[PDB]
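# Structure at a glance
Listed below, chain by chain, are the residues.
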Amino acid sequence: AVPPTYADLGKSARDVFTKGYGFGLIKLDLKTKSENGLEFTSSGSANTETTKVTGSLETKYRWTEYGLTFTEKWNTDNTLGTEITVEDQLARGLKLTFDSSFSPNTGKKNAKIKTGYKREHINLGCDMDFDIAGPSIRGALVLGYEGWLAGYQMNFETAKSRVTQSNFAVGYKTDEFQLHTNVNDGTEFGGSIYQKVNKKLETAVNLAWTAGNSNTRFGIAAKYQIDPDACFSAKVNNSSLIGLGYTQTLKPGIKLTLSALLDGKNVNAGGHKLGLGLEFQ
Amino acid sequence: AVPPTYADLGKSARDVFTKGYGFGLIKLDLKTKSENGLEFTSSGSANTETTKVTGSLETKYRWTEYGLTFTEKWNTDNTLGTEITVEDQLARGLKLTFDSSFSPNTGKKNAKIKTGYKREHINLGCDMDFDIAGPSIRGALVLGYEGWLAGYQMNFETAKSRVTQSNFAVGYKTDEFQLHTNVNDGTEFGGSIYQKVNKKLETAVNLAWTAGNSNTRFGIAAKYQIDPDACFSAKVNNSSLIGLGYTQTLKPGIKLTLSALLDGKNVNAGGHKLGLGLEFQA
């Protein structure tokens, strides 16, 4: 029972809401990996409302002999990034990342070190940000006990010399069922349930509210694998939004996604959104 | 009066026949540009007959301070490409290109140098191929005189130590009218007329025939810009083929193209070819 990281608590439920939908976008993804050396991933995204087209490239080299990864990122905003990762090297479940960022636009340099350790019942992490205008430290811990999970997460900004962030999470996790709750900063409350109902159906419910407002946001979602080549997603929330999504494998390694978003009661009148995605592996 | 390269002779006419038609293909293109910085194009292409789907990614970086371009291509068939170009560097109208291809799939490695020089009345070029299985040299010249144009073009394959290609062209060229003719290898004869009739209409006629066969192939084509948002193309040839093409700007930066190709006999009762393109531009 190696538990997930603090950030991965409630992930499954989040995935049923997010994957298989891309509203107001034409998305194009190209991925290829070579035997042992390089790998390349590129994405293009055109926003049909803003007429803005975005692009990104990632180049990855895995030295599988020494648990090393070297990654280079580059996007349309001219941002460059580089990342070096060592995993399972000094000890099993240990991971050390060095990450550097550069902006030719602004000349903004950033550097980060990320460290992790995980093993049976425990998942820990510590990220160090060496910002010029105030370094910080993020620390997180998840403990596992017979399907139960408890996490704590905090951020310390050295400039203010003050904790600026304090989050708790509590949950229960099997492969077929997942209960997640959290309170951020004594202020934001979230809750979710995920269910793998059978081989073909996944479902999820989400709840969110805020101390000092009587209101509640909630939503319900599903994913249905019709056959091995076709997949349907549907969701609704109490802001009156409907999402629909359809994914079809055209050929091995090629998937086409169509998605739609509705608003209010004009389910035949108002301004909806469309989306189209194409993924190539 | 700087003349076009040998390859660009008759281009305008060829463009009226080729552009705005994509039969048997579903195309999706996403493009973004920076005059200063770089440009990016990514593409998806399905052949509706072969069920073959292609995907591509091109990156271009212009260092406008030193007349440099760097271009990178990558596709789904695993092919990689690289091209570096220097222009107007040592002298105005001089251009030098280094070109490399590599295939992890076909292992095929190819390298090329291309050189050019152009100025008033003259356009010359020399491309050098450093293939393992036979280096080759392509040389071309176009000379201009008062609207008239004459070109010669040849290829020498060092492996056979023999000229494998010898082409002549003669034309007349203004901005509204273009006459082009050529004979390849003393064997293939081509001729074309292009006309920019007005702001909205372009038209073209093509002729081709072969030494030792009495037959002739010809075609007529047109391009009509209806308004700034809509564009129609139509063509026919004497093999009884009809091409139709329609392009519509749906929103600024988004164009949709539909095309159809019909065979003669079954004009409205057989299997014809359709095509669909969507272009997204920043």
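Residues numbered from 1 in each chain as written, not as in the entry; some residues may be left out. Chains lettered and ligands numbered in written order. Heavy atoms only, no water.

Structure determination for this PDB entry is given in the record as X-ray crystallography, at a resolution of 3.2700 Å.

### Some thoughts on the overall build of chain A
A tally of regular secondary structure across chain A gives one helix and 19 strands. In terms of principal-axis extent, the alpha carbons of chain A reach across some 55 × 45 × 40 Å. A burial count over chain A gives 28% of its 281 residues as buried. When contacts within chain A are restricted to residue pairs at least 6 apart in sequence, long-range pairs at least 24 apart make up 25% of them. Considering chain A, the positive charge centre built from 32 side chains and the negative charge centre built from 29 side chains are found 3 Å apart. (Helix = DSSP H or I, 4+ residues; strand = E, 2+ residues; numbered from the N terminus. Buried < 20%, exposed > 50% of the residue type's maximum accessible area, 1.4 Å probe, protein only. Contact = heavy atoms within 4.5 Å. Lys, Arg positive; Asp, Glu negative; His and termini not counted. Charge placed at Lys NZ, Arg CZ, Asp CG, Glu CD.)

### Looking at the interface of chain B and chain A
With 22 residues of chain B at the interface, the matching set in chain A holds 22 residues. Overall, the association of chain B and chain A removes approximately 1800 Å² of surface from exposure, summing both partners, and the carbon and sulfur fraction of that is 81%. Of all residues in chain B, B:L30, B:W74 and B:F280 give up the largest surface area on contact with chain A, accounting jointly for 30% of the area buried on that side. Between the two partners, chain B and chain A, sit zero salt bridges. (Buried area = accessible area lost by both parts, 1.4 Å probe. Salt bridge = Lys/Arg side-chain N within 4 Å of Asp/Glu carboxyl O.)

### Digging into the environment of A:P104
As for its position among the elements, A:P104 is in the loop between β6 (94-103) and β7 (108-119). The exposure class assigned to A:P104 is exposed, which follows from its relative accessible area of 65%.

### Side note on the pairing of strand β17 (residues 242-251) of chain B
All names here are of chain B. Taken together, the seven bridges between strand β16 (residues 230-237) and β17 define a ladder with antiparallel strand orientation. Note on β17: the bridge partner recorded for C231 is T247. The hairpin turn running from β16 into β17, its antiparallel successor, is four residues long, and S240 in that turn takes a positive phi close to 80°. Two strands pair when backbone bridges link them, and β17 and strand β18 (residues 254-262) are joined in this way by nine bridges, in the antiparallel orientation. Note on β18: the bridge partner recorded for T247 is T257. Counting the residues in the hairpin turn of β17 and β18 gives two residues, including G253, whose phi is positive at 90°. (Pairing = 2+ DSSP bridges.)

### Side note on empty space enclosed by the protein
Summary: where empty space remains is shown by rolling a probe the size of a single water molecule over the atoms. Throughout the structure, instances matching the rule amount to three cavities of 30 Å³ or more. Along the wall of the largest cavity there are 13 residues; nearest its centre are A:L9, A:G10, A:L149, A:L179 and A:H180. Among the secondary structure elements, those contributing two or more residues to the lining of the largest cavity are β11 (162-173) and β12 (177-184) of chain A. Here the residues of the lining of the largest cavity sort into seven nonpolar, four polar and two charged. One number sums up the size of the second largest cavity: a volume of about 60 Å³. Those elements giving two or more residues to the lining of the second largest cavity turn out to be β11 (162-173) and β12 (177-184) of chain B. Taken together, the residues of the lining of the second largest cavity break down into four nonpolar, four polar and one charged. (1 Å grid on protein atoms, 1.4 Å probe; cavity = no way out; pocket = protein on both sides within 12 Å on 5 of 7 lines; lining within 4 Å. Points joined across faces, edges and corners; volume = space filled by probe spheres on them. Nonpolar A, V, L, I, M, F, W, Y, C, P; charged D, E, K, R; others polar.)

### A short note on the pairing of strand β4 (residues 68-75) of chain A
Moving residue by residue along a regular strand, the side chains alternate between the two faces of the sheet. Residues and elements named next belong to chain A. Relative to β4, strand β3 (residues 53-63) runs antiparallel, the two sharing eight bridges. The residue of β4 that forms the bridge with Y61 is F70. The turn joining β3 and β4, which pair antiparallel and follow one another in sequence, is formed by four residues; a positive phi near 55° is taken by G67. The pairing of β4 with strand β5 (residues 80-87) spans seven bridges and is classified as antiparallel. The residue bridging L68 from the neighbouring strand is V86, located in β5.

### What about the UniProt feature "binding site: NAD(+)" in chain A?
Residue and element names in this part refer to chain A. Under the present numbering, the feature "binding site: NAD(+)" in UniProt falls on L241, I242, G243, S259, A260, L261, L262 and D263. Across 23 residues, the annotated set stays spatially compact, with a maximum C-alpha separation of 13.9 Å. Tracing the backbone shows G243 in strand β17 (residues 242-251). Not counting residues up to four positions away in its chain, the partners in contact with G243 are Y21, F23, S233, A234, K235 and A260. Beyond its immediate stretch of four places on either side in the chain, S259 contacts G20, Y21, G22, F23, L244, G245, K273, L274 and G275. Within polar-contact distance, the side chain of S259 engages the backbone nitrogen of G22 at 3.3 Å. (UniProt positions renumbered as here; feature names shortened; annotations may be inferred. Polar contact = N/O pair within 3.5 Å; in protein donor to acceptor, adjacent residues only side chain to side chain.)

### A short note on the pattern of salt bridges
Tallied over the entire structure, the rule returns 16 salt bridges over all chains. Between B:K31 and B:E279 there is a salt bridge, and its shortest N-O distance comes to 2.2 Å. You can see B:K31 sitting in strand β1 (residues 25-32) and its partner B:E279 sitting in strand β19 (residues 273-281), a full 248 residues away along the chain. A relative accessible area of 31% places B:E279 in the partly exposed class. Among the charged side chains, a network of salt bridges with common partners joins A:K11, A:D15 and A:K19.

### Some points on the UniProt feature "binding site: ATP" in chain A
Residue and element names in this part refer to chain A. UniProt annotation of "binding site: ATP" refers to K11 and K19 when read in the numbering used here. Residue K11 is classed as partly exposed on the basis of its relative accessible area of 34%. Following the sequence through the fold, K19 ends up in the loop between α1 (11-18) and β1 (25-33). In this structure, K19 is in contact with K11 and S233, ignoring residues within four places of it in sequence.

### Details of the packing of aromatic side chains
This model, assessed by the stated rule, comprises 13 aromatic pairs over all chains. With centroids separated by 6.4 Å and ring planes inclined at 50°, the aromatic side chains of A:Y172 and A:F177 adopt a geometry described as tilted. Here the aromatic rings of B:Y21 and B:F23 are separated by 5.6 Å at their centres, their planes lie at 45°, and the arrangement is tilted. Put simply, the rings of A:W148, A:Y172 and A:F177 pair up and form one aromatic cluster. (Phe/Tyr/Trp six-rings, centres within 6.5 Å; stacked < 30°, edge-to-face > 60°.)

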